[PDB]
Structures are given as C-alpha cells and as structure tokens.
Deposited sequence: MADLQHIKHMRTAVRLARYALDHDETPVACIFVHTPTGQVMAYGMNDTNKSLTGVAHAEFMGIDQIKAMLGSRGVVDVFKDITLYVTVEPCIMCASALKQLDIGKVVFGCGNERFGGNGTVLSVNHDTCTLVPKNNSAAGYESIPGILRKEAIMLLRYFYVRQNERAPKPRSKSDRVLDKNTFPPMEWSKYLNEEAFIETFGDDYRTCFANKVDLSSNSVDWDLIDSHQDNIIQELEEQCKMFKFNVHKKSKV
C-alpha cells in the first residue's frame, strides 16, 4: 500500500491493456530501479510471435536489460530491481527471477494454475533454486494484491476475446499463501491489515474502469523514452 507501488502497477496495467489489444495475454512487466525510482525495462507476453511457451513478460524484460547493460550488467544491477507484474510470476519466471537475485516482486492477482510466488509453489522462498554467486537462497519478497481487481478483469477480457475466431464478484483471496499476518501488516496499513488478511478479501472497493477500458497505443513509445532516459543516467 506504498504509493510508488500503485503508480508502477498502474503502468504495468496500461501495458497489459496494450497486450490485450494486440491479441496477446495481458501479463505485463515494469522493471523499476528501486534506488532511483526509474523505469528501466518492460515486458509483455510474447508467445504468439515466439511460437514457444517460454516467452513470458519477465523474460522479455530480462532480454531488454541484457541488451541495455550486458550480462554482467544484468547480474550486477538486478538485486536493486523492483519488478511490477499484473499476474504473479509462473514457477518458471519465479525461478528465473530467483536465480538472477531480484530485489522484490509486486504483483496484482495470483496465478491460479502456475503461480510460483505462493499460489502453487513458493519458489521465491525455496531451497533448491539458488543464486549462483554464492550458491545462496535468502529469497525475495513478493507483494500480492496491488490492483488485483484490474489484473483479474483484464484476464476476463482476454478469455472472452480469445473465443472470437473461426469455428464485484472476485474470488476469495488466500493471503496466507504469500505472507504471515505480521508480514501482512508490515506490508500494508493496520486498518486494511486486520480486516483483509482475516476475511480472505481484496484491498479495494471499486474497479478502475477507465484504466482497464481505455486503450494505450502510445504506451510503447512512452516506455521507450523512459527506458532510454535510464540508459543515459547510466
């Protein structure tokens, strides 16, 4: 419930919306350099172009950083990065992010079938997925539920849209999969704290319709300018 988190997730949601409108799954990434508050890379699902089942948002953003900074660059900077994703990283992405030693993940809605930050596995706090520098597994935090409703709604749009081819009620939020009540209240306010962790319900009260219903065709050009600014600040 930090406001930088709202800000950056809003960006992620705009990008996911763009993904929806280009016939792709609305999972989208914003890699933020936490010490400066700067947007350093972005991602969208890209399995339509790649024809592989591995070209996920996070992967796209890892490539962008590798291109901007080189391999050494990626490995060096990554511990300083806060990732913002609309949907919880899948096990595969959660594991890649673990191995690269990411600072932190903030996500919207859980990933019901493949979620590797608590929903199906907790790769981010496991013991078999290591940081190679020192073969460690201290882990990373993954903050759930930031614009959860928005992420869920974008997915519903996708499911409906997907069917167009040639021939509110949001689920209970099992928060205890992603943090302990103490870790909840350190993460969120004490008012929202008690009530929300307790009743298995979402932090918010109305769906931001303008954000998810309006198109974002300029989003790429916006993120490009912002990314190149970060590059000139390096």
**Complete:** In deposited-sequence numbering, the unmodelled segments run 1, 169-180, 248-253
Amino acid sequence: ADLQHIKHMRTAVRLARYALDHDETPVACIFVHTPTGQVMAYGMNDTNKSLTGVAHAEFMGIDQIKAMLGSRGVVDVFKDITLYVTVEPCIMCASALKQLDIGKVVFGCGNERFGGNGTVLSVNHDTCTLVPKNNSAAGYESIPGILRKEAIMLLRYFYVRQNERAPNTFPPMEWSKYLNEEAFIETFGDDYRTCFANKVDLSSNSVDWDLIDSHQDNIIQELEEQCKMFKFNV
From here on, numbers count along this sequence of modelled residues.
**Message:** So, looking at the entry's B-factor column for Cα atoms, which has the higher mean, 156-164 or 125-133?
**Reply:** 156-164
**Between the two ranges 141-149 and 87-95, the one averaging a larger CA B factor in the entry** = 141-149
**Message:** In terms of recorded Cα temperature factor, pick the maximum from 52, 45, 64, 169.
**Reply:** 169
**Message:** Quiz for you: based on the deposited Cα B-factor, which of 29, 40, 68, 195 is highest?
**Reply:** 195
**Prompt:** Lowest, middle or highest third of the chain for the C-alpha temperature factor of residue 208?
**Reply:** middle
**Asked** What third of the chain, by the recorded C-alpha B-factor, contains residue 221?
**Response** highest
**Item:** Entry-reported Cα temperature factor of residue 33, expressed as the chain third it lands in
**Value:** middle
